Amino acid sequence: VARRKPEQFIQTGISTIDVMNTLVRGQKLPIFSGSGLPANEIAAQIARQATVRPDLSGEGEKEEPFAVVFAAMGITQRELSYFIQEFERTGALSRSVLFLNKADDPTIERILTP
Amino acid sequence: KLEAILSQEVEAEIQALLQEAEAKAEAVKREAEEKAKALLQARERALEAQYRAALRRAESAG
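Residues numbered from 1 in each chain as written, not as in the entry; some residues may be left out. Chains lettered and ligands numbered in written order. Part of a larger assembly, values for the part shown. Heavy atoms only, no water. Residues with missing side-chain atoms left out of burial classes, pairs and counts.

Draft legend 1. Representation of the overall build of chain A in the model. Each helix and strand in chain A was counted, giving 4 helices and 4 strands. Across chain A, helices and strands are ordered from the amino to the carboxyl terminus as α-α-β-β-α-β-β-α. On the principal axes, the C-alpha backbone points of chain A span a range of 45 × 40 × 30 Å. Counting contacts in chain A only where the partners sit at least 6 residues apart, residues at least 24 apart contribute 78% of the total. (Helix = DSSP H or I, 4+ residues; strand = E, 2+ residues; numbered from the N terminus. Contact = heavy atoms within 4.5 Å.)

Below, the structure is given as structure tokens:
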């Protein structure tokens, strides 16, 4: 009863998933991926692309900051380093925190991570 | 005379040709200027991208 309706939106730097289908305020949108396909890359790809644009509504990105809080688990040795690569590329790691429990870090720690 | 007919027949083709060929030498001069123009516009766009990105990188580092 302390929860209100969506009334704002975010922009992930893409076309089809922000024009044709607006990713709104506090939306829970799952991305069903396959197997034999790299989930992980197509993820972080959209990391740097995503910088919000509520410009057109009359609000800044100072009243909508770009904070990436990431919690994976059971990720490969390449992929876990390929993640940090994207971030360290261009400035976006002094406004975000990573957490990512390696596939060689115990199954007990998996759960609490989030 | 038949010959007074014929001289009007060359002077007729040889003006159409030379207007067609100054309507290609105009068209090319336009499309090339608008080309040259757009290839420096695109040059403008690139420079911004590469400077906006760069300043952010060097800020985050510091």
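This is not the end of the story, as more comes after the structure.
Draft legend 2. Region of the structure containing the overall build of chain B. The helix and strand inventory of chain B stands at 2 helices and 0 strands. Taking 62 residues into account, the globule formula puts the C-alpha radius of gyration at 11 Å, and chain B, at 27 Å, lies well above it. Oriented by its inertia axes, the alpha-carbon framework of chain B measures out at about 95 × 5 × 5 Å. (Rg over C-alpha atoms; globule rule 2.2 N^0.38 Å.)

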